[PDB]
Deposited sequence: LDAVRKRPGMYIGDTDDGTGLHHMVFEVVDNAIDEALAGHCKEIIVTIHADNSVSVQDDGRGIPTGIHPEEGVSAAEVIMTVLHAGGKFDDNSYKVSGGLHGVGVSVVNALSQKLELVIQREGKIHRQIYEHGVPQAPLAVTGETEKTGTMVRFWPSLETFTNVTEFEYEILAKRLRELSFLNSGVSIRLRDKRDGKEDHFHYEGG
């Protein structure tokens, strides 16, 4: 991930005019949408939190949690730390990243800072649901000038996605001012 950290613009887009910032959301969304396709109901929820983080929940099968045979860590971790641009890029450029995977009756959690895992992916409880949730706080060492999520920028792109991913429900919620939308084609 150091290659992403040293030239973030080359991976995510302009880091000063809001371009890169928004592309962080879109990259997570692309992954989430593909999760939703493969598991009944087929809905994602994109939230702009008051603290300027964005979360993206899917009702998919859950990113795989088992130990990757070659890397020695969970498969989810491999995905978050090893170089569509990939979610590893978002993680690398995030001051904090929270990951919650619901899979095979189990809740798994892991926290990252600037792409470094704080601990291994751990089972924290039981659940009847499946899905993946990623909340990230964009690093303010990378993202300058435009540092706040703009609702309409996210809305425009998600609208386009709904048409292209038919049957996938896309919800957008803004906790700063209560704005919400529901794209479903």
item	value
Missing stretches, numbered from 1 on the deposited chain sequence and kept in order	84-101, 204-206
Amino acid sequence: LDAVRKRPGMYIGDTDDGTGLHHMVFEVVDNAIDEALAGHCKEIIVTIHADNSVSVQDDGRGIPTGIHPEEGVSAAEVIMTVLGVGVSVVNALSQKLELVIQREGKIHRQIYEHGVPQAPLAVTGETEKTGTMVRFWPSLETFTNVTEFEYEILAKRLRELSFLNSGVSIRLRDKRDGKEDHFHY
From here on, numbers count along this sequence of modelled residues.
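Definition used throughout: the rigid core is the maximal C-alpha set that superposes within 1.5 Å between two forms.
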property	result
Larger mean CA deviation from the shown form in 8 other deposited structures of this protein [core fit; 115-123 vs 30-38]	30-38
Greater root mean square CA deviation, 84-92 compared with 97-105 in 8 other deposited structures of this protein, core aligned	84-92
33-41 versus 150-158 - which carries the larger mean C-alpha B factor in the record	33-41
Mean temperature factor over C-alpha atoms, higher-scoring stretch between 112-120 and 138-146	138-146
Top Cα B factor in the deposited entry, candidates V85, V78, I107, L97	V85
CA B-factor ranking of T127, expressed as a third of its chain	highest
Ranked against its chain, the third holding the CA B-factor of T65	middle
Third of the chain, ranked by Cα B-factor, where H184 sits	highest
Third of the chain's Cα B-factor distribution that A50 belongs to, per the entry	highest
Assigned third (lowest, middle, highest) for the C-alpha B factor of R5	lowest
